[PDB]
Amino acid sequence: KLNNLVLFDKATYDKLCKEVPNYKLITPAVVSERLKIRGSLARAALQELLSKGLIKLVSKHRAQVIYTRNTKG
Amino acid sequence: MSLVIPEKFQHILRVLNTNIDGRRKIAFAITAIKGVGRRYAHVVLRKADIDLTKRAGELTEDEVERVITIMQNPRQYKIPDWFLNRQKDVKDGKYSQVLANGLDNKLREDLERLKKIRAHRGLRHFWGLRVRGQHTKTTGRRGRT
Amino acid sequence: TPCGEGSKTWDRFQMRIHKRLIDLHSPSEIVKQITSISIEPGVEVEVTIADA
Amino acid sequence: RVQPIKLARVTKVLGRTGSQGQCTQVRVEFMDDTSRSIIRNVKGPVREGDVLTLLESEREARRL
Amino acid sequence: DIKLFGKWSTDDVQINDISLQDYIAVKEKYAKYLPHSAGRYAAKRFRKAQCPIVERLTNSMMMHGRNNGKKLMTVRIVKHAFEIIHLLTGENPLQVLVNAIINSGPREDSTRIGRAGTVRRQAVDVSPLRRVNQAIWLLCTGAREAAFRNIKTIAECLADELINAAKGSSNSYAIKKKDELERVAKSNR
Amino acid sequence: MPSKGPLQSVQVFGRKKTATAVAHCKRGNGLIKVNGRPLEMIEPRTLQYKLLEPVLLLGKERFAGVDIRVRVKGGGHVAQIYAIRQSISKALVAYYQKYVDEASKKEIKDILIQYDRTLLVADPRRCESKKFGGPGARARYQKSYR
Amino acid sequence: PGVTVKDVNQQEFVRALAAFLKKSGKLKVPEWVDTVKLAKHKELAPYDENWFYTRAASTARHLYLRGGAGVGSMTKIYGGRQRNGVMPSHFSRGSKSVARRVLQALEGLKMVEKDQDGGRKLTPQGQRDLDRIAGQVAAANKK
Amino acid sequence: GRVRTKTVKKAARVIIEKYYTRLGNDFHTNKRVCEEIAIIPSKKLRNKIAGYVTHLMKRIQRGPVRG
Amino acid sequence: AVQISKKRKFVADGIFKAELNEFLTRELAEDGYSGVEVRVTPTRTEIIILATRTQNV
Amino acid sequence: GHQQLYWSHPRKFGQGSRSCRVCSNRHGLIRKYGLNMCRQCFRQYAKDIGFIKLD
RNA sequence: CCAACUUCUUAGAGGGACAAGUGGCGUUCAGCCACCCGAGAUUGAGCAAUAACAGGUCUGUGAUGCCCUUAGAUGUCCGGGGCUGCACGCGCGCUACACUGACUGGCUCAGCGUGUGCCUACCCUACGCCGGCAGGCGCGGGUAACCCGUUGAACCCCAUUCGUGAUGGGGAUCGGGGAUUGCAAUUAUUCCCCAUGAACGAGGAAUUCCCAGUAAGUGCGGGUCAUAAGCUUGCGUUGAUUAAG
Ligand SMILES: [Mg+2]
Ligand SMILES: [Mg+2]
């Protein structure tokens, strides 16, 4: 119910790049409570997963950046 | 860029007498030092030629040594004169930023100076009163009993 | 109120003064008899210097 | 015991009631016949001729 | 045909209850591009019912003073939230919004200025505008009190409470508390 | 160069609360801009669909013979887009009562009246002055008794 | 086609011209540039470390739309809302000697001239290349 | 709030009693007649009298009013 | 020399008017005063009293 | 007496040197537009100046 | 005349709305409820009776009765101090408790109004050049729809950083320095800088104000003003949730 962690270990980063580009709603507020990171690396790492091409960008607003799962078939 | 971490990451650092937090970033991690405020911290770092967006436990000891060195004697690193704590100090006539137990040293020293020669400011520090001419009839109740 | 007692009332005096502007290319001598047509207390007329 | 949550259209509104001007008597009709018509009360503003749905249909009217 | 916020047209949407078609205004006569207009709705009564529900949701969202006239700031709360809604579901968000209005509007409550049996005693019915008023009030409130101390945005907390209230699971605030109105109305029936 | 048809044009205003905005519109070929800059390059951009809105439910290509341009003066950020939304709406309505038939003007006024009448009526509500005993016009200072 | 400055997005036209002046290193940047706080209605230093180029890009563009702007006028347009702590917030003026130094630095860059009256306009050499890069940034809106 | 004070009704009755041969059930002509034939100190009570004049046109064309 | 603003022109001759009203009240009260009336020209100004007993003034 | 310091405290700036031009109080006076009358009986002469209220 | 005109702006006149028109109710009375047309189908305020109150004010007034005091004067002036003193209680208010936010930067919108004085010294400020800031000088304009001023107001809008932590929320307290007003700043005038970083997690009983450009948010200007607004009186801006009993 208190402090999270910045700067990923090995155990959450492979958990990131195996299922976080799979599900449909993906947002820095989501993966800073479904994971055990706090945010501002939610914003940092999910920016570069848009830089790779594992997900799609939709909204891009300053209060709210919203991604989605990528084209499957 | 830090996708996982490098090999060593201080949980806490250790700077003057303060163990600054290791998960903050340096612009707001060294503000735990009494004497390094929210404004002085950015200026020391910009004179330290660093990248501001790096976090706390991922500075090497050469970075930590050079950050402490610039905030220790800032008068020679081209930091201007009315940016410092002790501008024209009342015992020596010099200019210094004070950052330690020496901050609280020179804090009480002027308190006991005024208490010695019995100035009106020093008498209200010797009492539990307000100093900067505030009213006392209705405010500040929870200092006294 | 002349004193402080009462129920916090306010009177809003105001004075709305009107002003109009007229040009002439007249010879500047007959403006004296233009001034000399009517006494008319409530107005205030002013004649510009004739030097343009 | 188990009632269908039955909806009902209103005829003439019978003016305010409820000691604060909060409740309105409305005289509903039960959407299936106009012969069956109970007088009831709602809160909130009405607009004569609309449709409102009774969670349980017959309890009481306002009389002492 | 008019595509509220540029997309999500309003022909496939169907209001299920007969009791609320004359009070929910999703149809083509009252469908716009974005919910912001020179209103004039509490001049004469009963014209807050042909005000469209996207406008009536974005008016009831800026509430507590520090956000009290910020209407260009709550219109994007709803603009983003429809896209979060569309991705978790795949449905037209106006359809799932009016399912939330149907299912969060109560049917019974009680009224008494005397001898508080619980609080109010004599259980009454409800007109089909006050259940629309209390639909939008419960939804905007629960989206607010569940995002006050949270990393979660108001846009996601709005979106995932009314798709949680349109299904109906007592996990959204507008369902778990509306039942307590209908429990306490049966308790002094 | 004035060689053909000098000044076949009108200049038509629209208002909200202080914000006036007068649309000068000539004969030409499909150009719409406000204070110099285009309609899609406009400041708020959250209200984007309600200032290019007469263009939508009338038609860009159909109504592309006019070269509307607007100057705006006074108001706020929201009132200055309702003022141009009113202005360019009733500009080409007023451009049609002067140069083509009113059968066509009623043909577009049919669109611009059943769709939220405020595009060519000036919304009359205004500032409504403060009074001398409260923080505003209606509200009052807090009364105490004990 | 012919695209002027007025039909381009101008939040990022400023980003275009700031990147232009940063790479064309002919701007007389002051020595005190990293400890400035920018106009005492705010309590932190500017976040962008090369902030002097985006202030220069901005004050050239506002000078394009308004002739006769002086150092008093530029501080009335970069001012903001000073929070007074426990007292209510108010408007306050910008910083004068960041406005004076940036107009003098653009005059070394030959993109601003003085006037018959007081104030400053920009020279035709000045406007011809912020129209040239305005065409580039409207083309880079596609590109 | 429509209810018309005694000076509106009394002065409109002395028109219709005395100038009935000039009046009709048009508002905008009776407004011009009452302007010309009465002395009315302001415009608002002028057409507030003239409206009650047109009301009594449809009233005394039916039957014996106090007429 | 230099002249003053039109806003304080009008309050100055209004307060000129109010001052000699009060003095000519205090003088001519026993002699049927009943006010004054002023006319300013760019010459001799002319103030007419409105006394009821014009013999006693 | 001894004229060097009879009236020597400097009546300049400050409300000990403003006064009413009618009525000779130093409190509440209105120095707007050069009126310099007392608050309490500006209201007397307010019509003699020509300041009507709203009607 | 090396052009016309008044839409926008400012006034002045006149017009315009009357419950007029159409249904429905009502004694087919007074009138009410709906619509259509229309900018508007109740704009907002001022004045405001009869008779009173032992209401307040002699500290506003050369309004004033009576009493008191009048030179070791309750007159008046000068200097210092006080009206700001604090175990506490109450009333107006301001800023907050954050992420619907705080930063840092871009970006664009106002209106009401005020300005150099008879005594009375001192006004509003453009521009230029010094200063990291408040500020300092030189140089103009303005007795004002002529200049400040197209009053580039804040909120809001767009990106950046921050991540639910009494935190980059909050900024009380307090040390040291720097300027300005002034005859004089101590018991800090105000402003600036650096540092210090307190309670405070939405508030019990109770209680206030308000129903449309309203509440509320948000700044601006008059008053006081040598220096000065958390007050007051006005102005615009953004703009509603509830109700027609
Ligand atoms: Mg007195
Ligand atoms: Mg938070």
# chains A, B, ... in the order shown; residues from 1 in each chain; ligands from 1

$ residues_near_ligand --ligand "ligand 2" --cutoff "7 Å" --atoms "only C-alpha atoms (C1' of nucleotides) and all ligand atoms" --output "PyMOL selection string"
(chain E and resi 148-151) or (chain K and resi 98-99+164)

$ residues_near_ligand --ligand "ligand 1" --cutoff "12 Å" --atoms "only C-alpha atoms (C1' of nucleotides) and all ligand atoms" --output "list in words"
residues 2 and 3 of chain C; 23, 24, 25, 27, 38, 40 and 41 of chain J; 57, 58, 59, 60, 61, 62, 63 and 64 of chain K

$ residues_around --residues "residue H:18" --least-positions-apart "6" --cutoff "12 Å" --atoms "only C-alpha atoms (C1' of nucleotides)" --output "ChimeraX atom specification"
/H:11-12,34,37-38,67

$ write_last_selection --atoms "N, CA, C and O atoms" --output "CSV table (one decimal), in the first residue's frame"
chain,number,residue,atom,x,y,z
H,11,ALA,N,-58.4,54.8,-18.7
H,11,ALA,CA,-58.1,55.7,-19.9
H,11,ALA,C,-58.4,54.9,-21.2
H,11,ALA,O,-58.7,55.6,-22.2
H,12,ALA,N,-58.4,53.6,-21.2
H,12,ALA,CA,-58.7,52.9,-22.4
H,12,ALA,C,-60.3,52.8,-22.5
H,12,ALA,O,-60.7,52.8,-23.7
H,34,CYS,N,-54.4,56.3,-30.7
H,34,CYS,CA,-54.3,56.8,-29.3
H,34,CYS,C,-53.1,57.7,-29.1
H,34,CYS,O,-53.1,58.5,-28.2
H,37,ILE,N,-54.6,61.1,-30.4
H,37,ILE,CA,-55.9,61.6,-29.9
H,37,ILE,C,-55.8,61.8,-28.3
H,37,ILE,O,-56.7,62.5,-27.8
H,38,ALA,N,-54.9,61.1,-27.7
H,38,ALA,CA,-54.7,61.3,-26.3
H,38,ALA,C,-53.4,62.0,-26.0
H,38,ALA,O,-52.7,62.4,-26.9
H,67,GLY,N,-71.0,49.7,-21.9
H,67,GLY,CA,-70.7,50.2,-23.3
H,67,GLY,C,-71.5,51.3,-23.9
H,67,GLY,O,-72.0,51.2,-25.0

$ atom_distance --atom1 "atom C1' of residue K:136" --atom2 "atom CA of residue G:40"
18.5 Å

$ residues_around --residues "stretch 17-22 of chain J" --least-positions-apart "6" --cutoff "8 Å" --atoms "only C-alpha atoms (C1' of nucleotides)" --output "list in words"
residues 11, 29, 36, 37 and 38 of chain J

$ write_last_selection --atoms "N, CA, C and O atoms" --output "PDB file, in the first residue's frame"
ATOM      1  N   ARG J  11       3.978  68.576   7.953  1.00  0.00           N
ATOM      2  CA  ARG J  11       2.686  68.315   7.336  1.00  0.00           C
ATOM      3  C   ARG J  11       2.871  68.410   5.832  1.00  0.00           C
ATOM      4  O   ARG J  11       2.983  69.498   5.265  1.00  0.00           O
ATOM      5  N   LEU J  29     -11.998  61.627   4.161  1.00  0.00           N
ATOM      6  CA  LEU J  29     -12.170  62.612   3.109  1.00  0.00           C
ATOM      7  C   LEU J  29     -11.864  62.016   1.744  1.00  0.00           C
ATOM      8  O   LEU J  29     -11.094  61.062   1.610  1.00  0.00           O
ATOM      9  N   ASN J  36     -11.986  66.878  -2.211  1.00  0.00           N
ATOM     10  CA  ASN J  36     -11.386  67.179  -0.907  1.00  0.00           C
ATOM     11  C   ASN J  36     -12.429  67.582   0.122  1.00  0.00           C
ATOM     12  O   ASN J  36     -12.175  68.417   0.989  1.00  0.00           O
ATOM     13  N   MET J  37     -13.619  67.013   0.010  1.00  0.00           N
ATOM     14  CA  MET J  37     -14.648  67.174   1.020  1.00  0.00           C
ATOM     15  C   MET J  37     -14.691  65.949   1.914  1.00  0.00           C
ATOM     16  O   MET J  37     -14.204  64.873   1.556  1.00  0.00           O
ATOM     17  N   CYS J  38     -15.305  66.140   3.081  1.00  0.00           N
ATOM     18  CA  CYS J  38     -15.571  65.087   4.050  1.00  0.00           C
ATOM     19  C   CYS J  38     -16.506  64.049   3.457  1.00  0.00           C
ATOM     20  O   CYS J  38     -17.291  64.329   2.554  1.00  0.00           O
TER      21      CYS J  38
END

$ interface_residues --of "chain K" --to "chain H" --cutoff "9 Å" --atoms "only C-alpha atoms (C1' of nucleotides)" --output "list in words"
residues 17, 18, 19, 20, 30, 31 and 42 of chain K

$ write_last_selection --atoms "C-alpha atoms (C1' of nucleotides)" --output "PDB file, in the first residue's frame"
ATOM      1  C1'   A K  17     -43.521  44.170 -27.138  1.00  0.00           C
ATOM      2  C1'   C K  18     -48.803  45.129 -26.227  1.00  0.00           C
ATOM      3  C1'   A K  19     -50.007  39.414 -23.349  1.00  0.00           C
ATOM      4  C1'   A K  20     -50.486  41.547 -29.502  1.00  0.00           C
ATOM      5  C1'   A K  30     -60.311  39.395 -14.441  1.00  0.00           C
ATOM      6  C1'   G K  31     -56.782  36.474 -16.028  1.00  0.00           C
ATOM      7  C1'   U K  42     -40.825  38.632 -16.180  1.00  0.00           C
TER       8        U K  42
END

$ select_by_dssp --residues "stretch 9-38 of chain B" --states "alpha helix (DSSP H)" --output "list in words"
residues 26, 27, 28 and 29 of chain B

$ write_last_selection --atoms "N, CA, C and O atoms" --output "tab-separated table (two decimals), in the first residue's frame"
chain	number	residue	atom	x	y	z
B	26	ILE	N	18.52	13.61	-9.10
B	26	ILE	CA	19.57	14.36	-8.40
B	26	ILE	C	19.14	15.81	-8.14
B	26	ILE	O	19.51	16.40	-7.12
B	27	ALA	N	18.31	16.36	-9.03
B	27	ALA	CA	17.79	17.71	-8.83
B	27	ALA	C	16.93	17.82	-7.59
B	27	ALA	O	16.86	18.89	-6.97
B	28	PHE	N	16.29	16.73	-7.18
B	28	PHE	CA	15.46	16.71	-5.99
B	28	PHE	C	15.92	15.72	-4.94
B	28	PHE	O	15.25	15.57	-3.91
B	29	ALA	N	17.04	15.03	-5.16
B	29	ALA	CA	17.58	14.13	-4.16
B	29	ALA	C	18.51	14.83	-3.18
B	29	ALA	O	18.55	14.46	-2.01

$ residues_around --residues "residue G:84" --least-positions-apart "6" --cutoff "10 Å" --atoms "only C-alpha atoms (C1' of nucleotides)" --output "PDB file with C-alpha atoms (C1' of nucleotides), in the first residue's frame"
ATOM      1  CA  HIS G  41       6.785  35.229 -10.906  1.00  0.00           C
ATOM      2  CA  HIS G  90      -1.486  38.451  -9.176  1.00  0.00           C
TER       3      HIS G  90
ATOM      4  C1'   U K  95      -4.262  30.083   1.116  1.00  0.00           C
ATOM      5  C1'   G K 171       4.544  27.721   2.352  1.00  0.00           C
TER       6        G K 171
END

$ interface_residues --of "chain K" --to "chain A" --cutoff "10 Å" --atoms "only C-alpha atoms (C1' of nucleotides)" --output "list in words"
residues 99, 100, 158, 159, 160, 161, 162, 163, 164 and 165 of chain K

$ write_last_selection --atoms "C-alpha atoms (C1' of nucleotides)" --output "PDB file, in the first residue's frame"
ATOM      1  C1'   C K  99      -2.434  14.006 -10.656  1.00  0.00           C
ATOM      2  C1'   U K 100      -9.585  17.190 -12.944  1.00  0.00           C
ATOM      3  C1'   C K 158      -0.572  22.710 -26.236  1.00  0.00           C
ATOM      4  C1'   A K 159       3.807  20.020 -25.138  1.00  0.00           C
ATOM      5  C1'   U K 160       7.644  18.762 -20.842  1.00  0.00           C
ATOM      6  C1'   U K 161       8.942  16.911 -16.025  1.00  0.00           C
ATOM      7  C1'   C K 162       6.722  14.512 -11.525  1.00  0.00           C
ATOM      8  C1'   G K 163       4.409   9.844  -9.906  1.00  0.00           C
ATOM      9  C1'   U K 164       0.117   8.847  -4.507  1.00  0.00           C
ATOM     10  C1'   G K 165       5.107   9.488  -0.602  1.00  0.00           C
TER      11        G K 165
END
